[PDB]
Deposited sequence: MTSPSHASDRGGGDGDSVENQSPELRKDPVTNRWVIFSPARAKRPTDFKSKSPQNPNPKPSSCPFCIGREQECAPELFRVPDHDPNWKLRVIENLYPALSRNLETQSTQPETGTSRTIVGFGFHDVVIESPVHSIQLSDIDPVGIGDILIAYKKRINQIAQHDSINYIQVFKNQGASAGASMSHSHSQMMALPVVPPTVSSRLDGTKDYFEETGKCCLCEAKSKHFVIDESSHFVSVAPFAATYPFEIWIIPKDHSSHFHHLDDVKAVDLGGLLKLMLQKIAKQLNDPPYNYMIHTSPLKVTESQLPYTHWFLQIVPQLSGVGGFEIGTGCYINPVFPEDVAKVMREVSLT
C-alpha cells in the first residue's frame, strides 16, 4: 500500500490491491447529421471517415467573442462508413488516417486566437459516455486551459527544474514498458490513476500532437490498435476512453523542454465514490508493474 506521484498528473494516487462489467452515421445518411467540415478522401462519396459539427454542442461555435460565453468548437469524427466496425478493428493505415484527420482539424482550429486548448477524445460503450454505437471520436476546443493541462505544466516544470529532464522522455526508465513501435512506446504509468491505464508516448520529444506526420500516424495507429485489442482480450471487451494530452495553443518556448504529449487509454473497470469526488485523489487497485507483465504476456493468436 503506497502513494505514488508523477510530474504529468502532478497529484498523488493511492495504490491499494479484473474484467468488464443501421444508424444515421452510416454511409448514405449524411443529411441525417450536422454540417460537414471535411471528409477523407477529400470530397469523396466513398468516404472512409468524416468530421462534422456536433448537433447538440457542449460549446457553441456561433458565439465567438466569473463567467465566459460558451464559445468553442465541438466536432464529431465519424471513424467509419460501416456501422458494425469498432475503431479497434480498423487497419493500422485506416487509424493513421483518423489520426491525420485530427491533426487537420486541429490546425484549422488553431487559427482562432480565442481557443487555448483542444481536447481529442474517444468514447466506446454507453457507460463510458458513448451515446452512439457507430465508431466515432470527438474534438472539443475550449477558450480556457483545462485543469489537467495546468497541473501537467506545473508538475513537469517542477520536475524539469530539479532534474533538467523531461519525465516523458524517460518513459522506459520511469514507467513500465508494455509494447514498443518504431516511434512510440506504450507503458503502464508508474502513478497511474486508473487500474490498467495505458499511455502511448511518442519517442521523439514533441510538445504537440498535431506535429505528427504520416509515417508516425500509421506507426502510432498500429500501437494504439495493439493496445486496444490486448485490452479487449485481457479485460473482456470493457468500455473505454482514450484522450490525447497535448500542449495548449499558446504554449511558451520556456515550457517546451518539459512539454511532451501523449495518448491516455483508460478501460472502465470501476467507478468512484465520495472519497474521490472530495479529494481528487484516486485509489488504484492494481500496480503498473503487474499490469505491465499481464499485458506483455497477453497474445492475440
Deposited-sequence segments unaccounted for in the coordinates: 1 to 22, 40 to 47, 52 to 61, 106 to 115
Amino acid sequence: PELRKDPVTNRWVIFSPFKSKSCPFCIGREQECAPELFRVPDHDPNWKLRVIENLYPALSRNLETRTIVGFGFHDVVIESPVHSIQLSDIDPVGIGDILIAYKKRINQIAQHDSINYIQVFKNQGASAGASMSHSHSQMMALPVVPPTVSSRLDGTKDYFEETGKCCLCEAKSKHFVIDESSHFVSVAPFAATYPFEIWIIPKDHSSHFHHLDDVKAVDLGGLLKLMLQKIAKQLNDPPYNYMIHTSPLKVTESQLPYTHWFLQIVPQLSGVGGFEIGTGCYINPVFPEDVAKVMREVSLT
From here on, numbers count along this sequence of modelled residues.
Look over 116 to 124 and 170 to 178 in the entry and identify the one with the greater average Cα temperature factor. 170 to 178
Quick one: say whether 202 to 210 or 189 to 197 has the higher mean Cα B-factor in the deposited entry. 202 to 210
Which is it among 150, 86, 138, 156: the one with the largest CA B-factor in the entry? 86
Top Cα B factor in the deposited entry, candidates 53, 253, 276, 42: 42
Can you tell me whether residue 3 has a C-alpha B-factor in the lowest, middle or highest third compared with the other modelled residues of the same chain? middle
Quick tally, chain-level thirds of C-alpha B-factors: residue 94 sits in the middle
What third of its chain's C-alpha B-factors does residue 260 belong to: lowest, middle or highest? lowest
Sorting the chain's CA B-factors, does residue 24 end up in the lowest, middle or highest third? highest
Rank-wise, by C-alpha B-factor, drop residue 246 into the lowest, middle or highest third of its chain. lowest
